[PDB]
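> run_14.cif is the file, holding mmCIF, C-alpha atoms (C1' of nucleotides):
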```cif
data_start
#
loop_
_atom_site.group_PDB
_atom_site.id
_atom_site.type_symbol
_atom_site.label_atom_id
_atom_site.label_comp_id
_atom_site.auth_asym_id
_atom_site.auth_seq_id
_atom_site.Cartn_x
_atom_site.Cartn_y
_atom_site.Cartn_z
ATOM 1 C CA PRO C 17 -102.427 -17.769 33.444
ATOM 2 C CA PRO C 18 -99.146 -17.419 31.561
ATOM 3 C CA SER C 19 -99.003 -14.434 29.244
ATOM 4 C CA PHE C 20 -96.334 -12.526 27.402
ATOM 5 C CA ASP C 21 -96.794 -9.558 25.104
ATOM 6 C CA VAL C 22 -94.400 -8.499 22.365
ATOM 7 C CA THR C 23 -95.830 -5.010 22.630
ATOM 8 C CA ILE C 24 -95.295 -4.618 26.381
ATOM 9 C CA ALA C 25 -92.850 -7.282 27.633
ATOM 10 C CA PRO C 26 -89.124 -6.563 27.364
ATOM 11 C CA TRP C 27 -87.121 -8.600 24.872
ATOM 12 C CA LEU C 28 -85.806 -6.211 22.239
ATOM 13 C CA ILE C 29 -82.380 -4.920 23.207
ATOM 14 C CA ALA C 30 -82.316 -1.209 22.429
ATOM 15 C CA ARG C 31 -79.412 1.208 22.002
ATOM 16 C CA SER C 32 -79.940 4.946 22.479
ATOM 17 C CA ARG C 33 -78.737 7.867 20.387
ATOM 18 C CA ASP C 34 -76.626 9.136 23.305
ATOM 19 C CA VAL C 35 -74.018 7.787 25.704
ATOM 20 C CA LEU C 36 -73.907 4.364 24.016
ATOM 21 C CA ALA C 37 -73.863 2.736 27.466
ATOM 22 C CA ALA C 38 -76.305 0.230 29.020
ATOM 23 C CA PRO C 39 -78.761 -0.850 26.307
ATOM 24 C CA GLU C 40 -82.118 -1.598 27.834
ATOM 25 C CA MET C 41 -84.535 -4.308 26.763
ATOM 26 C CA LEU C 42 -87.962 -2.986 25.762
ATOM 27 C CA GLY C 43 -91.125 -4.276 24.147
ATOM 28 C CA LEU C 44 -92.132 -3.950 20.486
ATOM 29 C CA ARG C 45 -94.621 -1.165 21.200
ATOM 30 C CA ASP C 46 -92.065 0.906 23.122
ATOM 31 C CA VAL C 47 -89.430 0.571 20.399
ATOM 32 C CA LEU C 48 -92.055 1.581 17.883
ATOM 33 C CA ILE C 49 -92.973 4.721 19.846
ATOM 34 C CA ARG C 50 -89.434 5.807 20.805
ATOM 35 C CA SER C 51 -87.842 5.102 17.451
ATOM 36 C CA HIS C 52 -86.099 8.414 16.716
ATOM 37 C CA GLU C 53 -84.628 8.189 20.218
ATOM 38 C CA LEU C 54 -82.796 4.885 19.679
ATOM 39 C CA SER C 55 -80.158 4.249 17.092
ATOM 40 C CA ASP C 56 -81.089 0.608 16.675
ATOM 41 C CA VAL C 57 -82.632 -2.511 18.207
ATOM 42 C CA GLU C 58 -80.531 -5.653 18.184
ATOM 43 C CA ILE C 59 -81.149 -9.388 18.349
ATOM 44 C CA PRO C 60 -78.254 -11.784 19.068
ATOM 45 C CA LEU C 61 -79.411 -14.301 16.437
ATOM 46 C CA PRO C 62 -78.967 -13.086 12.858
ATOM 47 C CA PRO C 63 -81.807 -15.392 11.770
ATOM 48 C CA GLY C 64 -83.966 -13.889 14.499
ATOM 49 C CA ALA C 65 -83.075 -10.440 13.298
ATOM 50 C CA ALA C 66 -83.555 -11.423 9.649
ATOM 51 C CA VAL C 67 -87.190 -12.270 10.240
ATOM 52 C CA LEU C 68 -87.469 -9.490 12.816
ATOM 53 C CA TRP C 69 -86.664 -6.711 10.410
ATOM 54 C CA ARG C 70 -89.170 -8.330 8.061
ATOM 55 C CA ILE C 71 -91.987 -8.155 10.646
ATOM 56 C CA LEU C 72 -91.019 -4.687 11.924
ATOM 57 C CA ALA C 73 -91.097 -3.609 8.301
ATOM 58 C CA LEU C 74 -94.701 -4.803 8.197
ATOM 59 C CA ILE C 75 -95.843 -2.871 11.274
ATOM 60 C CA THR C 76 -94.400 0.643 11.512
ATOM 61 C CA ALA C 77 -93.760 0.384 7.808
ATOM 62 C CA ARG C 78 -97.198 -0.838 6.871
ATOM 63 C CA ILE C 79 -98.801 2.159 8.595
ATOM 64 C CA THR C 80 -96.289 4.420 6.835
ATOM 65 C CA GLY C 81 -96.281 2.421 3.596
ATOM 66 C CA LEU C 82 -100.106 2.625 3.390
ATOM 67 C CA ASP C 83 -100.716 -0.585 1.405
ATOM 68 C CA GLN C 84 -102.141 1.431 -1.494
ATOM 69 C CA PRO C 85 -100.455 3.121 -4.449
ATOM 70 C CA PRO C 86 -103.410 3.359 -6.870
ATOM 71 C CA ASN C 87 -103.213 5.686 -9.930
ATOM 72 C CA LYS C 88 -101.093 8.867 -9.549
ATOM 73 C CA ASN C 89 -97.872 7.269 -10.709
ATOM 74 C CA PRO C 90 -97.958 4.746 -7.873
ATOM 75 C CA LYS C 91 -94.193 4.599 -7.350
ATOM 76 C CA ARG C 92 -94.006 8.377 -7.468
ATOM 77 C CA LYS C 93 -96.734 9.002 -4.925
ATOM 78 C CA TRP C 94 -95.528 6.369 -2.463
ATOM 79 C CA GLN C 95 -92.134 8.011 -2.698
ATOM 80 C CA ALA C 96 -93.983 11.304 -2.071
ATOM 81 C CA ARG C 97 -95.679 10.105 1.139
ATOM 82 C CA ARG C 98 -92.342 8.496 1.906
ATOM 83 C CA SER C 99 -90.615 11.848 1.646
ATOM 84 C CA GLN C 100 -93.408 13.373 3.763
ATOM 85 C CA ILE C 101 -92.996 10.971 6.725
ATOM 86 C CA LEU C 102 -89.228 10.822 6.281
ATOM 87 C CA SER C 103 -89.340 14.592 6.592
ATOM 88 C CA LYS C 104 -91.403 14.466 9.799
ATOM 89 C CA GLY C 105 -88.677 12.311 11.300
ATOM 90 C CA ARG C 106 -91.055 10.441 13.557
ATOM 91 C CA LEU C 107 -94.239 8.364 13.853
ATOM 92 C CA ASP C 108 -97.213 9.677 15.884
ATOM 93 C CA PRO C 109 -97.827 7.169 18.757
ATOM 94 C CA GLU C 110 -101.585 7.377 18.313
ATOM 95 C CA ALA C 111 -101.406 5.671 14.923
ATOM 96 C CA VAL C 112 -99.347 2.895 16.529
ATOM 97 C CA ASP C 113 -101.795 2.267 19.343
ATOM 98 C CA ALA C 114 -104.541 2.229 16.762
ATOM 99 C CA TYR C 115 -102.764 -0.558 14.859
ATOM 100 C CA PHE C 116 -102.013 -2.345 18.126
ATOM 101 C CA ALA C 117 -105.567 -1.521 19.102
ATOM 102 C CA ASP C 118 -107.011 -3.532 16.235
ATOM 103 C CA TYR C 119 -105.268 -6.726 17.388
ATOM 104 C CA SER C 120 -104.123 -5.729 20.873
ATOM 105 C CA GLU C 121 -105.549 -8.815 22.534
ATOM 106 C CA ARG C 122 -104.127 -11.095 19.818
ATOM 107 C CA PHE C 123 -100.331 -10.678 20.391
ATOM 108 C CA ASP C 124 -99.458 -12.436 23.696
ATOM 109 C CA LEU C 125 -97.843 -15.514 22.205
ATOM 110 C CA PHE C 126 -99.076 -17.787 24.984
ATOM 111 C CA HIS C 127 -102.672 -17.287 23.820
ATOM 112 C CA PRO C 128 -105.027 -20.242 24.364
ATOM 113 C CA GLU C 129 -106.223 -19.522 20.874
ATOM 114 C CA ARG C 130 -104.433 -17.342 18.334
ATOM 115 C CA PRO C 131 -100.896 -17.536 19.765
ATOM 116 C CA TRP C 132 -98.269 -15.325 18.086
ATOM 117 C CA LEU C 133 -97.081 -16.883 14.842
ATOM 118 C CA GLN C 134 -98.307 -20.237 16.099
ATOM 119 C CA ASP C 135 -101.016 -22.838 15.727
ATOM 120 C CA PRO C 136 -102.845 -23.488 19.024
ATOM 121 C CA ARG C 137 -104.653 -26.627 17.886
ATOM 122 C CA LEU C 138 -101.320 -28.286 17.235
ATOM 123 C CA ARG C 139 -100.933 -29.334 20.867
ATOM 124 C CA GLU C 140 -103.838 -31.788 20.814
ATOM 125 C CA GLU C 141 -102.902 -33.869 17.757
ATOM 126 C CA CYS C 142 -99.126 -34.340 18.105
ATOM 127 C CA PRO C 143 -98.114 -37.116 20.501
ATOM 128 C CA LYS C 144 -94.406 -36.301 20.941
ATOM 129 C CA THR C 145 -93.319 -32.782 21.777
ATOM 130 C CA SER C 146 -90.336 -31.742 19.707
ATOM 131 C CA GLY C 147 -88.901 -30.154 22.823
ATOM 132 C CA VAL C 148 -87.145 -26.851 23.321
ATOM 133 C CA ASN C 149 -83.879 -28.415 22.223
ATOM 134 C CA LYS C 150 -85.338 -29.235 18.818
ATOM 135 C CA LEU C 151 -86.647 -25.695 18.457
ATOM 136 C CA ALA C 152 -83.757 -23.576 19.722
ATOM 137 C CA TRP C 153 -80.664 -22.986 17.616
ATOM 138 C CA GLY C 154 -77.232 -23.821 18.948
ATOM 139 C CA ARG C 155 -79.130 -26.440 20.915
ATOM 140 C CA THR C 156 -78.691 -30.177 20.363
ATOM 141 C CA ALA C 157 -81.603 -32.186 18.946
ATOM 142 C CA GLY C 158 -82.542 -35.801 19.508
ATOM 143 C CA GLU C 159 -80.012 -37.277 17.081
ATOM 144 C CA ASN C 160 -77.447 -34.505 17.470
ATOM 145 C CA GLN C 161 -74.315 -35.297 19.467
ATOM 146 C CA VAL C 162 -73.545 -33.644 22.824
ATOM 147 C CA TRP C 163 -70.313 -31.867 21.909
ATOM 148 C CA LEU C 164 -71.163 -28.146 21.623
ATOM 149 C CA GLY C 165 -72.858 -25.133 23.201
ATOM 150 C CA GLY C 166 -73.150 -26.657 26.619
ATOM 151 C CA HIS C 167 -74.219 -30.257 26.650
ATOM 152 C CA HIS C 168 -77.931 -30.934 26.545
ATOM 153 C CA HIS C 169 -78.710 -34.613 26.984
ATOM 154 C CA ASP C 170 -82.387 -34.069 26.316
ATOM 155 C CA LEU C 171 -83.101 -35.082 29.928
ATOM 156 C CA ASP C 172 -84.281 -32.218 32.140
ATOM 157 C CA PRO C 173 -83.583 -29.526 29.525
ATOM 158 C CA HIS C 174 -83.133 -26.028 30.916
ATOM 159 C CA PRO C 175 -86.034 -23.841 29.688
ATOM 160 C CA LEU C 176 -85.530 -20.899 27.389
ATOM 161 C CA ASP C 177 -86.320 -17.489 28.797
ATOM 162 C CA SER C 178 -89.594 -16.316 27.318
ATOM 163 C CA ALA C 179 -87.798 -13.462 25.622
ATOM 164 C CA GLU C 180 -85.255 -16.002 24.431
ATOM 165 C CA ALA C 181 -88.043 -18.271 23.297
ATOM 166 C CA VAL C 182 -89.388 -15.516 21.122
ATOM 167 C CA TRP C 183 -86.105 -15.138 19.253
ATOM 168 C CA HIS C 184 -85.907 -18.837 18.480
ATOM 169 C CA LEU C 185 -89.513 -19.157 17.387
ATOM 170 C CA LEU C 186 -88.972 -16.381 14.917
ATOM 171 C CA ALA C 187 -85.765 -17.924 13.560
ATOM 172 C CA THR C 188 -87.316 -21.341 13.055
ATOM 173 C CA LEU C 189 -90.170 -19.640 11.262
ATOM 174 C CA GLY C 190 -87.560 -18.155 8.967
ATOM 175 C CA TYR C 191 -84.814 -20.732 8.699
ATOM 176 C CA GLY C 192 -86.002 -24.229 9.575
ATOM 177 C CA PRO C 193 -84.785 -27.762 8.937
ATOM 178 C CA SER C 194 -86.410 -29.887 6.254
ATOM 179 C CA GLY C 195 -87.505 -33.503 6.437
ATOM 180 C CA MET C 196 -88.666 -35.696 9.322
ATOM 181 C CA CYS C 197 -89.981 -33.387 11.952
ATOM 182 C CA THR C 198 -92.477 -34.864 14.434
ATOM 183 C CA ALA C 199 -95.707 -35.840 12.626
ATOM 184 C CA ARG C 200 -99.091 -34.525 13.733
ATOM 185 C CA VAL C 201 -102.263 -36.151 12.385
ATOM 186 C CA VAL C 202 -104.967 -33.984 10.827
ATOM 187 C CA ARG C 203 -108.066 -36.102 10.175
ATOM 188 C CA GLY C 204 -105.997 -39.164 9.311
ATOM 189 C CA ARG C 205 -102.964 -37.484 7.717
ATOM 190 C CA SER C 206 -99.507 -38.171 9.235
ATOM 191 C CA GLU C 207 -96.278 -37.135 7.426
ATOM 192 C CA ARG C 208 -93.202 -36.423 9.542
ATOM 193 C CA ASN C 209 -91.686 -34.841 6.422
ATOM 194 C CA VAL C 210 -91.287 -31.053 6.384
ATOM 195 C CA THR C 211 -90.056 -28.619 3.764
ATOM 196 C CA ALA C 212 -87.364 -25.997 4.430
ATOM 197 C CA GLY C 213 -87.787 -22.359 5.417
ATOM 198 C CA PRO C 214 -88.291 -19.682 2.782
ATOM 199 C CA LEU C 215 -84.999 -17.816 3.212
ATOM 200 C CA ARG C 216 -82.959 -20.830 4.299
ATOM 201 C CA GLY C 217 -79.233 -20.449 3.646
ATOM 202 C CA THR C 218 -79.403 -16.838 2.454
ATOM 203 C CA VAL C 219 -78.105 -13.389 3.405
ATOM 204 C CA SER C 220 -80.776 -10.746 4.039
ATOM 205 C CA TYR C 221 -79.736 -7.139 3.337
ATOM 206 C CA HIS C 222 -81.332 -4.453 5.540
ATOM 207 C CA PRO C 223 -80.271 -0.819 5.084
ATOM 208 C CA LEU C 224 -79.583 1.133 8.264
ATOM 209 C CA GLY C 225 -79.391 4.773 9.203
ATOM 210 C CA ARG C 226 -78.578 7.093 12.071
ATOM 211 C CA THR C 227 -81.791 6.412 13.952
ATOM 212 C CA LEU C 228 -84.351 3.610 14.151
ATOM 213 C CA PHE C 229 -87.192 5.418 12.462
ATOM 214 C CA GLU C 230 -85.080 6.007 9.360
ATOM 215 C CA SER C 231 -84.293 2.357 8.918
ATOM 216 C CA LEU C 232 -87.855 1.225 9.456
ATOM 217 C CA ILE C 233 -89.044 3.698 6.816
ATOM 218 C CA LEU C 234 -86.288 2.765 4.370
ATOM 219 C CA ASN C 235 -86.828 -0.954 5.046
ATOM 220 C CA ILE C 236 -90.133 -1.529 3.204
ATOM 221 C CA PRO C 237 -90.026 -2.975 -0.307
ATOM 222 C CA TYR C 238 -92.208 -0.858 -2.443
ATOM 223 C CA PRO C 239 -95.451 -2.820 -2.700
ATOM 224 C CA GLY C 240 -96.624 -2.975 -6.256
ATOM 225 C CA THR C 241 -100.292 -2.385 -6.842
ATOM 226 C CA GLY C 242 -102.160 -5.619 -6.226
ATOM 227 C CA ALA C 243 -104.428 -7.489 -3.869
ATOM 228 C CA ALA C 244 -104.667 -6.216 -0.320
ATOM 229 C CA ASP C 245 -102.623 -8.452 1.927
ATOM 230 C CA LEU C 246 -102.235 -9.235 5.576
ATOM 231 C CA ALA C 247 -99.794 -11.110 7.767
ATOM 232 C CA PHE C 248 -99.980 -14.492 9.476
ATOM 233 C CA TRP C 249 -101.071 -12.693 12.617
ATOM 234 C CA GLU C 250 -103.410 -10.477 10.582
ATOM 235 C CA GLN C 251 -105.202 -13.550 9.229
ATOM 236 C CA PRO C 252 -108.833 -13.569 10.340
ATOM 237 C CA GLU C 253 -108.914 -17.349 10.836
ATOM 238 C CA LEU C 254 -106.536 -20.345 10.728
ATOM 239 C CA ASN C 255 -105.418 -21.702 7.336
ATOM 240 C CA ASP C 256 -105.759 -25.473 7.837
ATOM 241 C CA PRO C 257 -102.924 -27.763 6.709
ATOM 242 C CA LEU C 258 -104.545 -29.000 3.518
ATOM 243 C CA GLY C 259 -105.123 -26.871 0.442
ATOM 244 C CA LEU C 260 -103.168 -24.259 -1.417
ATOM 245 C CA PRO C 261 -100.991 -21.611 0.244
ATOM 246 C CA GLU C 262 -102.822 -18.713 -1.401
ATOM 247 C CA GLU C 263 -100.823 -16.108 -3.284
ATOM 248 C CA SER C 264 -100.571 -12.533 -1.997
ATOM 249 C CA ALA C 265 -99.645 -9.587 -4.186
ATOM 250 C CA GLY C 266 -99.417 -7.399 -1.093
ATOM 251 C CA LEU C 267 -96.133 -6.792 0.650
ATOM 252 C CA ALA C 268 -96.985 -9.342 3.337
ATOM 253 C CA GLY C 269 -96.703 -11.796 0.495
ATOM 254 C CA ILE C 270 -93.478 -10.034 -0.454
ATOM 255 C CA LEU C 271 -92.174 -10.102 3.098
ATOM 256 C CA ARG C 272 -92.632 -13.856 3.037
ATOM 257 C CA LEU C 273 -95.002 -13.457 5.953
ATOM 258 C CA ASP C 274 -98.286 -14.708 4.501
ATOM 259 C CA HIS C 275 -97.693 -18.223 5.735
ATOM 260 C "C1'" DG Y 1 10.925 -11.843 43.736
ATOM 261 C "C1'" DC Y 2 10.329 -10.026 39.440
ATOM 262 C "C1'" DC Y 3 11.730 -8.259 35.329
ATOM 263 C "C1'" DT Y 4 14.857 -7.644 31.677
ATOM 264 C "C1'" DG Y 5 18.472 -8.833 28.817
ATOM 265 C "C1'" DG Y 6 21.465 -12.048 26.664
ATOM 266 C "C1'" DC Y 7 23.036 -16.544 24.440
ATOM 267 C "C1'" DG Y 8 31.827 -16.963 19.032
ATOM 268 C "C1'" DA Y 9 31.878 -16.544 14.056
ATOM 269 C "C1'" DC Y 10 27.283 -18.067 9.887
ATOM 270 C "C1'" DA Y 11 28.135 -13.394 2.971
ATOM 271 C "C1'" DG Y 12 26.964 -10.529 -0.895
ATOM 272 C "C1'" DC Y 13 24.460 -9.465 -6.028
ATOM 273 C "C1'" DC Y 14 22.773 -10.359 -10.494
ATOM 274 C "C1'" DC Y 15 19.502 -12.765 -13.343
ATOM 275 C "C1'" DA Y 16 13.873 -14.803 -14.903
ATOM 276 C "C1'" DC Y 17 11.870 -16.163 -22.860
ATOM 277 C "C1'" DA Y 18 9.670 -15.430 -27.074
ATOM 278 C "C1'" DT Y 19 5.025 -17.854 -30.434
ATOM 279 C "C1'" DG Y 20 1.719 -20.719 -32.360
ATOM 280 C "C1'" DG Y 21 -2.290 -23.654 -32.443
ATOM 281 C "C1'" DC Y 22 -7.469 -24.999 -29.453
ATOM 282 C "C1'" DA Y 23 -12.500 -30.093 -34.308
ATOM 283 C "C1'" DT Y 24 -16.424 -31.724 -36.522
ATOM 284 C "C1'" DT Y 25 -21.143 -34.734 -37.503
ATOM 285 C "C1'" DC Y 26 -25.237 -37.364 -35.419
ATOM 286 C "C1'" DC Y 27 -28.999 -39.123 -32.418
ATOM 287 C "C1'" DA Y 28 -33.300 -37.872 -27.832
ATOM 288 C "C1'" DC Y 29 -39.062 -43.441 -27.153
ATOM 289 C "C1'" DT Y 30 -43.276 -45.934 -26.129
ATOM 290 C "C1'" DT Y 31 -47.945 -47.803 -22.747
ATOM 291 C "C1'" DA Y 32 -50.844 -48.747 -19.316
ATOM 292 C "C1'" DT Y 33 -52.900 -47.664 -14.891
ATOM 293 C "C1'" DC Y 34 -55.364 -42.853 -11.665
ATOM 294 C "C1'" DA Y 35 -60.305 -46.100 -4.901
ATOM 295 C "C1'" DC Y 36 -63.502 -46.094 -1.457
ATOM 296 C "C1'" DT Y 37 -66.055 -43.972 3.295
ATOM 297 C "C1'" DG Y 38 -68.537 -40.481 6.360
ATOM 298 C "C1'" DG Y 39 -69.187 -37.161 9.567
ATOM 299 C "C1'" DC Y 40 -78.411 -34.347 7.848
ATOM 300 C "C1'" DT Y 41 -83.048 -34.700 10.446
ATOM 301 C "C1'" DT Y 42 -87.250 -38.497 13.201
ATOM 302 C "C1'" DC Y 43 -89.476 -42.190 13.059
ATOM 303 C "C1'" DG Y 44 -91.138 -46.568 11.517
ATOM 304 C "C1'" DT Y 45 -90.705 -50.924 9.913
ATOM 305 C "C1'" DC Y 46 -88.460 -55.085 9.301
ATOM 306 C "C1'" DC Y 47 -85.439 -58.615 10.353
ATOM 307 C "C1'" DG Y 48 -82.612 -61.017 13.349
ATOM 308 C "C1'" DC Y 49 -81.559 -62.765 17.639
ATOM 309 C "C1'" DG Y 50 -82.548 -64.356 22.173
#
```
As structure tokens - that is how I would like this structure written.

Amino acid sequence: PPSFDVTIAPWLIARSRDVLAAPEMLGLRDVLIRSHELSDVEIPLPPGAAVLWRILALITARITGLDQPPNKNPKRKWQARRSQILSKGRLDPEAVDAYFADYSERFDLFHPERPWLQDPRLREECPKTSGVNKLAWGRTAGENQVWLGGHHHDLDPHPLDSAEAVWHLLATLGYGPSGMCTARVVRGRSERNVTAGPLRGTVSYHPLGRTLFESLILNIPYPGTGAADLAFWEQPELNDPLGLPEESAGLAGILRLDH
DNA sequence: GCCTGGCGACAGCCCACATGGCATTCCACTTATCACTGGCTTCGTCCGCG
């Protein structure tokens, strides 16, 4: 069976502190563990990186951010723990595996159920596949002309590398076109219309440092005190199309990652 | 052959201005006008044509 894991499979290009020659691609778990070692991890698509730094800020960061500044001058104490871990200069791998451990079997995007940032049921109710060309950026869609980025005629399209596929999926989850995508029925409801992505047409500002760990630490908005939150992949069960997108005072609702 | 010199006689000098004047009014516009088109998505439905 096909399987890919963000934690173990290599997709994230990584640059080391030394030499600055031959960046190697690594998984998400490895980057997390070897963070002080690497200066940065890079994605060729700025949309892909714009959502990427958002999700990476919810993993390493969440564990370090703690999701809980109650009493004690909240802002002051989070900045105190912040100074404490910033002083350590690194994250203990055992707390990473523990986080990964909670949902270790839930990451491999190609999951039959619970695929990464995806809806698995979707396959059954949509008659026409959008196609890779409609998903991937710089790639021509059905109505798009054949002039740029290699010519894709939408007949025998060359498949995206799985690592490549991951970058695109993440971008479309951030930036995404609005109106007239392919309709899927849900108990009688068919509406090809689609609204735009949450950050669409914007510049995301991520502070950097000398090493990875620094940036990841300095990348988390301070979560105000509020309801405990979780991510789309931290959701216990699927949302369903109908109904209200519930609010989320937690930072996962402030990383625009609740839904 | 090349280079240089020569081919009646053909003028000279002095002289060169002062003074005065040089314009002024006036007049200087209005009206109307000032483009369109497109370079998004997929799909579905309708209308026209065969």
> Evaluated on this file, the PyMOL selection byres ((chain Y) within 12 of (chain C)) picks out some residues - which ones are they, written as an MDAnalysis selection string?
chainID Y and resid 39:44
> Can I get the selected residues back with C-alpha atoms (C1' of nucleotides), as an mmCIF file, in the coordinates of the input?

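Dumped to selection.cif:
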```cif
data_model
loop_
_atom_site.group_PDB
_atom_site.id
_atom_site.type_symbol
_atom_site.label_atom_id
_atom_site.label_comp_id
_atom_site.auth_asym_id
_atom_site.auth_seq_id
_atom_site.Cartn_x
_atom_site.Cartn_y
_atom_site.Cartn_z
ATOM 1 C "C1'" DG Y 39 -69.187 -37.161 9.567
ATOM 2 C "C1'" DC Y 40 -78.411 -34.347 7.848
ATOM 3 C "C1'" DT Y 41 -83.048 -34.700 10.446
ATOM 4 C "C1'" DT Y 42 -87.250 -38.497 13.201
ATOM 5 C "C1'" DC Y 43 -89.476 -42.190 13.059
ATOM 6 C "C1'" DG Y 44 -91.138 -46.568 11.517
#
```
> Kindly resolve the PyMOL selection byres ((chain C and resi 29) around 6) on the present coordinates and return the residues as a VMD selection string.
chain C and resid 28 30 40 to 41 57 to 58
> Could you list the residues chosen by the PyMOL selection byres ((chain C and resi 72-85) around 7) in this structure as a ChimeraX atom specification?
/C:48,68-71,86-87,90,93-94,232-233,235-236,241
> Return the single residue from C:178, C:161, C:264, C:206 that is closest to residue C:22, with distances computed using all atoms listed in the file.
C:178
> What is the distance between atom CA of residue C:265 and atom CA of residue C:239, in Å to one decimal?
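Taking atom CA of residue C:265 as the start and atom CA of residue C:239 as the end point, the length is 8.1 Å.
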> Taking 2 positions as the minimum chain separation for residues in the same chain, which residues sit within 12 Å of residue C:116 when counting only C-alpha atoms (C1' of nucleotides)? Answer as a ChimeraX atom specification.
/C:21-24,44-46,48-49,75-76,79,109-114,118-124,249-250
> Which residue gives the smallest distance to residue C:186 among C:171, C:151, C:107, C:224, with all atoms listed in the file counted?
C:151
> Contacts of residue C:102 at 9 Å or less, counting all atoms listed in the file, minus same-chain residues fewer than 5 places along, as a PyMOL selection string?
chain C and resi 97+229-230+233-234
> Return the padded bounding box of stretch 11-14 of chain Y as lines of an AutoDock Vina configuration file: axis-aligned, built from all atoms listed in the file, 4 Å added on each side, with centre and edge lengths in Å to one decimal.

```
center_x = 25.5
center_y = -11.4
center_z = -3.8
size_x = 13.4
size_y = 11.9
size_z = 21.5
```
> Quick one: residues within 12 Å of residue C:176, all atoms listed in the file, excluding same-chain residues fewer than 2 positions away - as a compact mmCIF listing (two decimals) with C-alpha atoms, in the coordinates of the input?

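Okay, selection-v6.txt is ready:
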```txt
# COMPACT_ATOMS: atom_id res chain seq x y z
CA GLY C 147 -88.90 -30.15 22.82
CA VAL C 148 -87.14 -26.85 23.32
CA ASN C 149 -83.88 -28.42 22.22
CA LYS C 150 -85.34 -29.24 18.82
CA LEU C 151 -86.65 -25.70 18.46
CA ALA C 152 -83.76 -23.58 19.72
CA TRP C 153 -80.66 -22.99 17.62
CA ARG C 155 -79.13 -26.44 20.92
CA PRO C 173 -83.58 -29.53 29.52
CA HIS C 174 -83.13 -26.03 30.92
CA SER C 178 -89.59 -16.32 27.32
CA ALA C 179 -87.80 -13.46 25.62
CA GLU C 180 -85.26 -16.00 24.43
CA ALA C 181 -88.04 -18.27 23.30
CA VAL C 182 -89.39 -15.52 21.12
CA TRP C 183 -86.10 -15.14 19.25
CA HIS C 184 -85.91 -18.84 18.48
CA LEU C 185 -89.51 -19.16 17.39
```
> Which protein, DNA or RNA residues are at most 6 Å from (-100.4, -8.1, 4.1) in the file's coordinates when you count all atoms listed in the file, listed as an MDAnalysis selection string?
chainID C and resid 245:247 266:268
> To one decimal place, how far is atom CA of residue C:17 from atom CA of residue C:143 in Å?
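Straight-line distance from atom CA of residue C:17 to atom CA of residue C:143 works out to 23.7 Å.
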> In Å to one decimal, how far is atom CA of residue C:254 from atom CA of residue C:144?
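Rounded to one decimal, the two atoms are 22.5 Å apart.
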> Need to verify the contact set: stretch 136-142 of chain C, 8 Å, only C-alpha atoms (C1' of nucleotides), exclusion of same-chain residues closer than 3 positions in sequence. Can you return it as a PyMOL selection string?
chain C and resi 127-131+145+198-202
